[PDB]
Amino acid sequence: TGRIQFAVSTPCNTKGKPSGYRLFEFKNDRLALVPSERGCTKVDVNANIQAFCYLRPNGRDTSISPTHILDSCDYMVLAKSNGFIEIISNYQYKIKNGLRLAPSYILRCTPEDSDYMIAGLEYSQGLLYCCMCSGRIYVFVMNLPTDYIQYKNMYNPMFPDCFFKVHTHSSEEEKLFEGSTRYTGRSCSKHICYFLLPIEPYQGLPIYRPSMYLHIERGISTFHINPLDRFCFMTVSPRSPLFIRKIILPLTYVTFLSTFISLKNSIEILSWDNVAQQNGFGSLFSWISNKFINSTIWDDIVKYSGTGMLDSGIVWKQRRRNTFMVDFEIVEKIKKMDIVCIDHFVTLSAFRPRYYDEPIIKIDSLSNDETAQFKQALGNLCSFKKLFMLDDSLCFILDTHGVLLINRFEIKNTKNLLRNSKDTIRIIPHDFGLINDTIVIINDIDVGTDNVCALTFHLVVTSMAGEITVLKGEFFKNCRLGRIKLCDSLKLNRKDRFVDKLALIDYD
Amino acid sequence: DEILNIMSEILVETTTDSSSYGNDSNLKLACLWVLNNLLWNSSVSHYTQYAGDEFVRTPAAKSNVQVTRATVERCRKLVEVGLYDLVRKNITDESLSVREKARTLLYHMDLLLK
Amino acid sequence: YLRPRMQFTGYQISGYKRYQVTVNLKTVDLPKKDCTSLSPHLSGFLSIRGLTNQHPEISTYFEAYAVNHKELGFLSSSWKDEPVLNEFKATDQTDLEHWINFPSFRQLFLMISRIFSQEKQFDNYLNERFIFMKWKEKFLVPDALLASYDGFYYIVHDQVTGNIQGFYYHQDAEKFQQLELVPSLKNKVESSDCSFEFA
């Protein structure tokens, strides 16, 4: 079918031991550990890989080797547990040629208080969001072309338009923001960290500060970026409603950023204090005040050396039995967005935020000869774990006791599932056993009339037992059940190491 | 042959036939555990599921054909003796533990027979 | 799945961090139609170790009482006033919240005084698929002499798949910390049985 390259995070438990990641290969019908020399074993001591994010061009292919105005490189950013983010360029070339996977750029979350937990690390339209479960968000502005996208843990042989990825209401601040912060072009000192400001003094690599910082008084567990609006994000905490919030941009920060970008383009600058002393000013802020507003925002900017303190505003909130919402995703229905959420005690919900606050679709208590097997399979579901969207309608949920395909439009009878059609709900019974992550790769898709699909797929599941398992499965047409089988498995024989979440690198 | 007869006399006991042994669920559970141990091993698990060094393969993922046909012959002998109907009658048993254990054993034997 | 030598593995979400939880049973003594004795129904060792951080392992000896709808009801008002049973009692409202969180509780009661009156006509609790119970850590397992376990666990156990879910309750602590255990698979499908009996 084709080789699969991915990376699995392995954190340790005992103190004074490295916690890192390992690159794995699924080739032919075998799993293999790729021998690779990662970074030095002192950075990973008491700091485990908390998040992965892979940046690559959408339409154009990646570069082969490290004089082009249009960038075509490949990026991996790693989020640690001590507030350090590592950016490594040319990931696949270094993996194939067996080079050293040393970080190229270092990012720091500077307005802080080695026990920081990453609620999320995502990228959208030149903005990198890193949010902490205490409820604090750091925003970095990157110098990337528009066609770069984040590679998710999902492959689909056809590419639907149900996600707002392939491309009036903006205010003046947004217009000057997108005008002043544009992709310049790949040259000397024109790397990805161009619009960032360094800490004035990880070997000799310069460390950079975030562009924006936010703190909300709720604490978040899951976090997503709005694909429609760049400065909009939505968060979920346990036993709390869904929140959709918007960045409020003052004119002072936009003017400061535009003037700073013009000043930098006028002139590697590692310390702006040395340049200010050479220019007879003593500080960059005196220089930009001479070259030039709100007093408090400017004082906040000059106090934290470039980072701007911002305040958010809630634009949507959903409306006793508590909710333990595990996952959600934003889907275009083919502001025309829907939000689909899976909740731990087997519950599925769908909201339309423009028209209603209450859920427009709600399937609750899903567990409450072929029909006997279907009833037995539904009775064994315990707790929903993972959600994917194949299309604008299909929902691919992974429980700990099976796999569900649910068509949320053709359901017409809540609390009595036997009166619905044959292909609206399909179940594969399999004891997964307290998963951590998964990589869905759709090998063979076939859609047919009245929108009924049959597919063959692959699964990459890590568990609390310490096992990495690759499985093959198939959902048929006009059949209420399915079929799964195990292709390969590897067991981690360590009493301290764990097998944490994993990120997909490549699939042929 | 005497142990299989003892197992068949233990499993046939019910609410109305609690004379020879007393319909005790512990003896039924022990007999089902013997029948489970006779039909379960690593090669059968690999055949019916699949299609230091810090990362080792599981024993069920790693000669197996001879062990598999020996286990299938054991299953056919158990069917010919007549314990399959007793396993069904223990699907229709009062206690829950014997019900679930007999259901798992019957599903495994059904999947081995085909 | 509640045999004497049985191991369970899972996690626990405390605050926002995740921990790995292991449970090894020691003695299982589940009563029947008449029970006016306060001997513990379940007993074992519960060990919590860090998964996100480098927190050291804390392992404790715990005991547990099941919920049969004759003497030990769902609400902590039918439980008798005894010095050994007074650590499992919080409030009828708190009990109702922590039990209504589970879907099997609702499916039981759809088939304060009203729920007890409906509880009085239930069937045998050992013939039902789901078993509700409470867990309480007693002391430390390696050396008792050589206390962050002042709360107790609301536990639901499913017999067919044999898995354990629950919540941890303490008044001066965070609320609704999940457990979500699963049986630990062995490395040999053939199993042999040992036994013991208190004289």
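Cβ placement follows ideal geometry from the backbone for every residue including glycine, while neighbour counts extend to all protein chains displayed. None of the figures in this text is laboratory data; all of them are computed from the coordinates on show.
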When only alpha-carbon atoms are used, what values of Rg and Dmax, in angstrom, describe the stretch C:1-150?
16.7, 49
The correct pair for the stretch C:75-164, radius of gyration to one decimal and Dmax as a whole number, both in Å and from Cα atoms, is 15.3, 49
List every residue whose amide H lies under 5 Å from the amide H of residue C:179, counting only residues 5 or more places away in sequence or on a different chain, with H placed 1.01 Å from N in the peptide plane.
C:166
Quick one: order A:458, B:108 by neighbouring beta-carbon count within 10 Å, fewest to most.
B:108, A:458
Give the share of C-alpha pairs in each 10 angstrom bin for the stretch A:1-63, from 0 to the last occupied bin, in whole percents, shortest bins first.
18, 37, 33, 11, 1
Rg(Cα) / (2.2 N^0.38 Å) computed for the protein assembly as shown, rounded to two decimals
1.06
Can you tell me what percent of all Cα-Cα pairs in the stretch C:49-115 are more than 18 Å apart?
53 percent
Kirkwood hydrodynamic radius for the stretch A:190-308: how many Å is it when counted over pairs of different Cα atoms?
16.8 Å
Dipole magnitude of the protein assembly as shown, debye to nearest 20 (Cβ charges: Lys/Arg +1, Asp/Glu -1, about Cα centre)
1140 debye
Kirkwood radius from Cα pairs of the stretch A:44-116 plugged into Stokes-Einstein at 37 °C, 0.692 mPa s, gives D in µm²/s equal to 238 µm²/s
Prolate/oblate/rounded call for the stretch B:55-114, Cα gyration tensor, a/c under 1.5 rounded
oblate
Using a ≥ b ≥ c from the Cα gyration tensor of the stretch A:390-468 (square roots of the eigenvalues), is it rounded, prolate or oblate, where a/c under 1.5 gives rounded and otherwise the larger of a/b and b/c decides, a/b for prolate?
oblate
For the pairs A:485/C:186; A:491/C:134; A:386/B:62; C:17/C:188, note any where the Cα-Cα span goes beyond 22 Å.
A:491/C:134; A:386/B:62; C:17/C:188
By Cβ neighbour count within 10 Å, fewest first, A:481, A:492 rank A:481, A:492
Span per principal axis, largest first, for the Cα atoms of the stretch A:268-340 (Å):
63, 30, 25
Would you tell me the mean number of C-beta atoms belonging to other protein chains that fall within 10 Å of each C-beta in C:160-171, as a whole number?
2
For the stretch A:223-230, take each phi angle, set θ = phi - 60°, evaluate the Karplus expression 6.51 cos²θ - 1.76 cosθ + 1.60, and give the result in whole Hz per residue in order, putting x for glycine and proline.
8, 9, 9, 5, x, 7, 10, 5
Given A:271-281, A:498-508, the highest-first ranking by average Cβ count within 10 Å works out to A:498-508, A:271-281
Apply the Karplus curve 6.51 cos²θ - 1.76 cosθ + 1.60, θ = phi - 60°, to the phi angles in the stretch A:206-218 and return the couplings in whole Hz, x for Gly and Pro.
x, 10, 10, 9, x, 7, 9, 9, 9, 9, 10, 9, 10
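Across peptide C:184-191, what mean number of C-beta atoms from other chains lies inside 10 Å of a residue's C-beta?
What the average comes to for C:184-191 is 5.
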Proximal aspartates and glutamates relative to residue A:422, as straight alpha-carbon distance under 18 Å, when same-chain residues fewer than 8 apart are discounted
A:369, A:370, A:410, A:446, A:450, A:474
Which net charge results when you count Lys and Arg as +1 and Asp and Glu as -1 among the other residues whose beta-carbon is under 11 Å from that of residue A:399?
+1
For B:15, B:68, ascending order of other Cβ atoms within 10 Å (fewest first) is B:15, B:68
Quantify how strongly other chains surround peptide A:479-488 by giving the mean number of their Cβ atoms within 10 Å of each of its Cβ atoms.
2
